[PDB]
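First comes the structure, then the notes that go with it.
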Amino acid sequence: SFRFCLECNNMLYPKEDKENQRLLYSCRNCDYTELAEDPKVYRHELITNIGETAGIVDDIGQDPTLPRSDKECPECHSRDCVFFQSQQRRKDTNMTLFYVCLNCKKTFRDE
Amino acid sequence: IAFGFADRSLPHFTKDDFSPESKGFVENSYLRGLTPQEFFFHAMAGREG
Amino acid sequence: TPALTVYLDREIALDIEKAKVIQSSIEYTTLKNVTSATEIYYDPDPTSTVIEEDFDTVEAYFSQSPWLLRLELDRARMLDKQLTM
Amino acid sequence: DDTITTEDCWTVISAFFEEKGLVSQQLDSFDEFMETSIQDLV
Amino acid sequence: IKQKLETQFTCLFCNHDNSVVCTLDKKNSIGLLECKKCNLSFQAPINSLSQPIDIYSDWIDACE
Amino acid sequence: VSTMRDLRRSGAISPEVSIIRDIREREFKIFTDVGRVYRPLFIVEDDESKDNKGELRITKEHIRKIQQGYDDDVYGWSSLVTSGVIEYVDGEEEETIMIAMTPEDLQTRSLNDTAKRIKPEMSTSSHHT
Amino acid sequence: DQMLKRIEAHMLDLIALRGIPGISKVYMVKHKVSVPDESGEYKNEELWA
Amino acid sequence: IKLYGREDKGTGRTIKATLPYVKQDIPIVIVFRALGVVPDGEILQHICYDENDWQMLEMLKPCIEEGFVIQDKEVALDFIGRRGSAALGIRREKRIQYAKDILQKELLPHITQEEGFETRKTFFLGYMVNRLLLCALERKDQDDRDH
Amino acid sequence: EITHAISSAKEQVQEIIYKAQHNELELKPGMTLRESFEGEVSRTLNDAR
Ligand SMILES: [Zn+2]
Ligand SMILES: [Zn+2]
Ligand SMILES: [Zn+2]
């Protein structure tokens with residue numbers, strides 16, 4: 001995640017300081033320079049499994065269109081719960097369904 | 001039969017069902033008559049053909 | 001559907017492990033396959049690193065531009081390709 | 001009150017038909033056109 | 001790579017249309033303009049987002 | 001959304017007005033456009049607070065009143081619609097709802113005739129709304 | 001900084017560990033083939049390919 | 001709108017817009033700046049709403065990088081007015097105003113046609129581009145045109 | 001008999017579903033878990049009919 005300058009509102013561009021040989025966070029339309037906590041500059045992944053458990057909405061318990069289920073709820077121990085599958089459109093999506101309860105809203109896998 | 005509606009082929013079925021009938025299996029025959037869902041799946045196939 | 005009908009050698013044609021070896025050698029492979037995750041670091045120290053995911057590994061391994069080009073590979077996929085990192 | 005039979009639905013349909021008719025939407029849009037469209041465009 | 005542009009732009013001095021030649025030179029981020037009739041030239045910094053139309057706009061903003 | 005649903009159900013808002021809430025997308029779209037299409041639907045009362053829960057709002061009283069065609073203190077189709085027993089649905093509205101493909105199907109059922117079509121099992125979800 | 005990411009992206013693709021290029025995948029296929037037999041008749045023969 | 005740049009090809013994953021009565025595409029940041037929000041912080045706010053989505057941030061990053069030359073509404077506008085498909089010789093005097101006109105008029109007229117609600121246009125544009133980026137990530141289904 | 005066969009086939013399909021959903025259904029060559037699932041289901045239905 002990349003952030004901007006608080007007062008200049010322009011993007012912080014991390015420029016090296018060879019004299020101290022450290023990482024910084026330097027804007028360009030201003031001169032506000034701040035130290036970089038982690039020497040990481042940019043990070044990118046190849047295999048993505050993020051967003052499968054981050055696409056959660058609270059009011060999902062109020063939808064009747066979704067099927068109900070007697071799948072025992074790990075937390076609320078109810079026997080009337082809905083279940084669905086990840087929203088990811090990747091061709092290789094593995095359909096280990098994200099069973100969701102009326103209350104817990106937890107993406108639990110009982111496998 | 002695909003999910004022409006969001007996450008389901010028909011509003012009369014729940015979301016995320018996969019039973020044979022739930023995605024376009026006909027169990028009846030013409031003599032037995034066709035329930036509306038299987039009728040519609042057959043109609044889709046015929047239009048396609 | 002571009003494809004090739006390939007006939008192996010007589011001994012291989014009746015053999016399976018040799019056939020798999022020949023397939024693996026033939027099937028095209030790249031780092032992207034075995035590559036898993038990449039992480040660009042400004043590692044100021046040419047002689048060491050300030051990231052612990054490899055700190056001990058570099059210490060036992062170590063015994064210019066300071067910016068670090070660090071990446072991760074996929075062991076499961078790496079061995080799927082009959083190769084080691 | 002009791003369960004709703006099928007002929008209940010058929011008479012439902014008959015009443016709906018008698019109100020609206022087959023050309024209902026046709027006359028509706030034609031009337032709304034003559035009513036509001038002309039002045040709005042003018 | 002230099003790109004001579006014998007454009008259709010009309011220059012204000014000799015008032016001849018298609019007399020403006022907008023040769024863009026991004027090497028130094030510095031533009032170049034030429035006329036084949038009165039030989040007037042214009043200068044303006046050129047970012048990665050400047051075009052002969054933008055150059056002509058800068059010329060009008062500068063001369064007049 | 002419940003409030004506006006009931007608002008249109010009374011007839012306060014035009015039935016043609018389409019009201020769609022997207023739970024997953026955290027979106028709420030309302031349409032009142034010309035050129036939209038719609039078809040009627042029975043309203044299965046689904047509130048978990050009364051007997052009509054999972055049951056039709058329409059009743060044989062409305063049937064009698066229509067057979068009269070008058071109101072027993074004109075009682076027409078639009079009267080049924082306005083009373084809140086009958087709603088339309090456009091193509092997009094059809095998606096976010098669960099309909100009972102037959103009046104029988106509203107009540108969860110409990111035979112073996114070779115001269116008839118076959119109804120669905122409907123067992124994957126022990127609960128229906 | 002930008003040079004480092006350019007190098008990262010450049011290497012991400014331009015390193016082929018093994019295999020003939022242009023071959024996304026290969027399949028281990030078995031094959032039956034009629035084979036003349038020593039006595040003179042023909043014998044089919046399951047064989048990898 | 002269109003997601004310029006291919007996956008690690010075409011340089012960054014940039015985006016440029018297509019407009020009525022124009023002849024060229026423009027970086028999306030530029031049209032944001034000509035509409036009032038020159039800073040990229042407001043642009044990202046109106047566009048990205050889950051800052052945790054660093055992936056969104058880095059797909060838009062080339063768009064942000066390329067959006068540093070324009071820093072105010074007038075340069076963004078004359079820039080835009082330079083590509084307004086109009087005649088030759090409008091000069092910055094009227095070019096900026098014509099650009100602002102086409103930013104207001106001919107642009108999302110169904111949203112607003114008067115002044116003072118270009119902020120509404122910015123918010124709606126940010127939402128639309130957010131949908132575009134979600135689709136590029138393909139975390140959601142492409143809107144079935146047959147629906 | 002037809003109904004018993006249909007019940008058995010639908011049971012096969014349901015067991016295939018329980019198989020795939022618990023991340024237990026084997027992958028077909030060059031054909032995804034979703035695509036393998038679809039193929040197995042289709043084969044089961046063809047066998048049933
Ligand atoms: Zn700044
Ligand atoms: Zn629960
Ligand atoms: Zn001249």
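Identifiers in the structure tokens: chain A, B, ... in order shown; residue index from 1 per chain; ligand index from 1 in order shown.
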Specify as a PyMOL selection string all residues of chain C found within 10 Å of chain G, counting only C-alpha atoms. chain C and resi 2-16+19-20+22-35+38-42+67-71+81-83
Could the residues in this selection be written to a file with C-alpha atoms, as a PDB file, in the first residue's frame?
```pdb
ATOM      1  CA  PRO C   2      -2.371 -26.310 -31.863  1.00  0.00           C
ATOM      2  CA  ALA C   3      -0.881 -29.562 -30.600  1.00  0.00           C
ATOM      3  CA  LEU C   4       1.619 -32.293 -31.429  1.00  0.00           C
ATOM      4  CA  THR C   5       1.144 -36.058 -31.577  1.00  0.00           C
ATOM      5  CA  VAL C   6       4.515 -37.206 -30.241  1.00  0.00           C
ATOM      6  CA  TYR C   7       5.779 -40.787 -30.308  1.00  0.00           C
ATOM      7  CA  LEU C   8       8.461 -41.655 -27.778  1.00  0.00           C
ATOM      8  CA  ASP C   9      11.067 -44.366 -28.257  1.00  0.00           C
ATOM      9  CA  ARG C  10      10.110 -48.031 -28.230  1.00  0.00           C
ATOM     10  CA  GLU C  11      11.448 -48.725 -24.741  1.00  0.00           C
ATOM     11  CA  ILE C  12       9.896 -45.479 -23.509  1.00  0.00           C
ATOM     12  CA  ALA C  13       6.603 -46.120 -25.339  1.00  0.00           C
ATOM     13  CA  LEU C  14       6.020 -49.085 -23.000  1.00  0.00           C
ATOM     14  CA  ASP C  15       7.695 -47.341 -20.034  1.00  0.00           C
ATOM     15  CA  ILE C  16       6.014 -44.822 -17.740  1.00  0.00           C
ATOM     16  CA  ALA C  19       7.944 -41.260 -20.298  1.00  0.00           C
ATOM     17  CA  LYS C  20       7.332 -38.899 -17.378  1.00  0.00           C
ATOM     18  CA  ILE C  22      10.883 -37.151 -21.049  1.00  0.00           C
ATOM     19  CA  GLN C  23       7.651 -35.184 -20.636  1.00  0.00           C
ATOM     20  CA  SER C  24       9.047 -33.108 -17.774  1.00  0.00           C
ATOM     21  CA  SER C  25      12.214 -32.398 -19.749  1.00  0.00           C
ATOM     22  CA  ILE C  26      10.074 -31.449 -22.756  1.00  0.00           C
ATOM     23  CA  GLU C  27       7.221 -29.592 -21.064  1.00  0.00           C
ATOM     24  CA  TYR C  28       8.147 -25.917 -21.133  1.00  0.00           C
ATOM     25  CA  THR C  29       9.099 -24.448 -17.753  1.00  0.00           C
ATOM     26  CA  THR C  30       9.913 -20.956 -16.495  1.00  0.00           C
ATOM     27  CA  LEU C  31      10.727 -19.267 -13.208  1.00  0.00           C
ATOM     28  CA  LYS C  32       7.182 -17.883 -13.242  1.00  0.00           C
ATOM     29  CA  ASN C  33       5.947 -21.447 -12.777  1.00  0.00           C
ATOM     30  CA  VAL C  34       8.094 -22.149  -9.721  1.00  0.00           C
ATOM     31  CA  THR C  35       8.092 -18.486  -8.660  1.00  0.00           C
ATOM     32  CA  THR C  38       8.307 -11.324  -5.180  1.00  0.00           C
ATOM     33  CA  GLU C  39       9.326  -8.545  -2.803  1.00  0.00           C
ATOM     34  CA  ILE C  40      11.585  -5.650  -3.800  1.00  0.00           C
ATOM     35  CA  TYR C  41      13.635  -4.447  -0.836  1.00  0.00           C
ATOM     36  CA  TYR C  42      16.050  -1.584  -0.374  1.00  0.00           C
ATOM     37  CA  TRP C  67      18.941  -2.058  -3.387  1.00  0.00           C
ATOM     38  CA  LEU C  68      17.790  -5.666  -3.013  1.00  0.00           C
ATOM     39  CA  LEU C  69      15.885  -7.670  -5.623  1.00  0.00           C
ATOM     40  CA  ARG C  70      14.407 -10.403  -3.431  1.00  0.00           C
ATOM     41  CA  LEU C  71      11.821 -12.970  -4.473  1.00  0.00           C
ATOM     42  CA  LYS C  81       9.093 -29.567 -12.374  1.00  0.00           C
ATOM     43  CA  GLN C  82      11.671 -32.187 -11.290  1.00  0.00           C
ATOM     44  CA  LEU C  83      14.076 -29.388 -10.286  1.00  0.00           C
TER      45      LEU C  83
END
```
Chain I residues within 12 Å of chain F, counting only C-alpha atoms: which ones, as a PyMOL selection string? chain I and resi 1-4+6-7+10+14+17
Contact residues around stretch 49-51 of chain C with only C-alpha atoms at 10 Å, ignoring same-chain residues under 4 positions, as an NGL selection string: (:A and (38-40)) or (:C and (41-45 or 55-59 or 66 or 68))
Would you kindly return, as a PDB file with N, CA and C atoms, in the first residue's frame, each protein, DNA or RNA residue with an atom no farther than 9 Å from any atom of stretch 31-37 of chain F, considering only C-alpha atoms and excluding same-chain residues fewer than 6 positions away?
```
ATOM      1  N   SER F  14     -45.583   4.390  -6.907  1.00  0.00           N
ATOM      2  CA  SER F  14     -46.106   3.683  -8.065  1.00  0.00           C
ATOM      3  C   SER F  14     -45.513   2.278  -8.126  1.00  0.00           C
ATOM      4  N   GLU F  16     -44.757   0.582 -10.696  1.00  0.00           N
ATOM      5  CA  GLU F  16     -43.716   0.593 -11.713  1.00  0.00           C
ATOM      6  C   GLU F  16     -42.376   1.057 -11.166  1.00  0.00           C
ATOM      7  N   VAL F  17     -42.368   1.865 -10.106  1.00  0.00           N
ATOM      8  CA  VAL F  17     -41.110   2.261  -9.492  1.00  0.00           C
ATOM      9  C   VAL F  17     -40.389   1.014  -9.006  1.00  0.00           C
ATOM     10  N   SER F  18     -39.161   0.828  -9.471  1.00  0.00           N
ATOM     11  CA  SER F  18     -38.357  -0.322  -9.099  1.00  0.00           C
ATOM     12  C   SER F  18     -37.398   0.062  -7.982  1.00  0.00           C
ATOM     13  N   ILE F  19     -37.383  -0.751  -6.933  1.00  0.00           N
ATOM     14  CA  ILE F  19     -36.554  -0.522  -5.757  1.00  0.00           C
ATOM     15  C   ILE F  19     -35.709  -1.768  -5.555  1.00  0.00           C
ATOM     16  N   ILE F  20     -34.395  -1.626  -5.695  1.00  0.00           N
ATOM     17  CA  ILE F  20     -33.477  -2.756  -5.635  1.00  0.00           C
ATOM     18  C   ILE F  20     -32.333  -2.400  -4.700  1.00  0.00           C
ATOM     19  N   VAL F  89     -42.832  -7.177 -10.648  1.00  0.00           N
ATOM     20  CA  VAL F  89     -41.380  -7.300 -10.620  1.00  0.00           C
ATOM     21  C   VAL F  89     -40.862  -7.135 -12.040  1.00  0.00           C
ATOM     22  N   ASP F  90     -39.851  -6.290 -12.206  1.00  0.00           N
ATOM     23  CA  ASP F  90     -39.185  -6.147 -13.488  1.00  0.00           C
ATOM     24  C   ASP F  90     -38.113  -7.226 -13.601  1.00  0.00           C
ATOM     25  N   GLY F  91     -37.365  -7.207 -14.704  1.00  0.00           N
ATOM     26  CA  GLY F  91     -36.338  -8.218 -14.897  1.00  0.00           C
ATOM     27  C   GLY F  91     -35.294  -8.199 -13.799  1.00  0.00           C
TER      28      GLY F  91
END
```
Residues contacting ligand 2 - anything with an atom at most 10 Å away, using only C-alpha atoms and all ligand atoms - can you give me those as a PyMOL selection string? chain A and resi 61+70-82+99-106+108
Could you please extract the residues within 6 Å of ligand 1, counting only C-alpha atoms and all ligand atoms, and hand them back as JSON, numbers by chain? {"A": [5, 8, 9, 10, 27, 28, 29, 30]}
I want to know what sits within 9 Å of stretch 19-27 of chain E, based on only C-alpha atoms, with residues of the same chain fewer than 2 positions away left out; could you give that as JSON, numbers by chain? {"E": [1, 2, 3, 4, 5, 6, 7, 8, 9, 10, 11, 14, 15, 16, 17, 29, 30, 31, 32, 33, 34, 35, 36, 37, 38, 39, 40, 41, 42, 45, 46, 47, 48, 51, 52, 55, 56]}
May I have the residues within 12 Å of residue H:78 as a count of residues only, using only C-alpha atoms and disregarding those fewer than 4 positions away in the same chain? 33
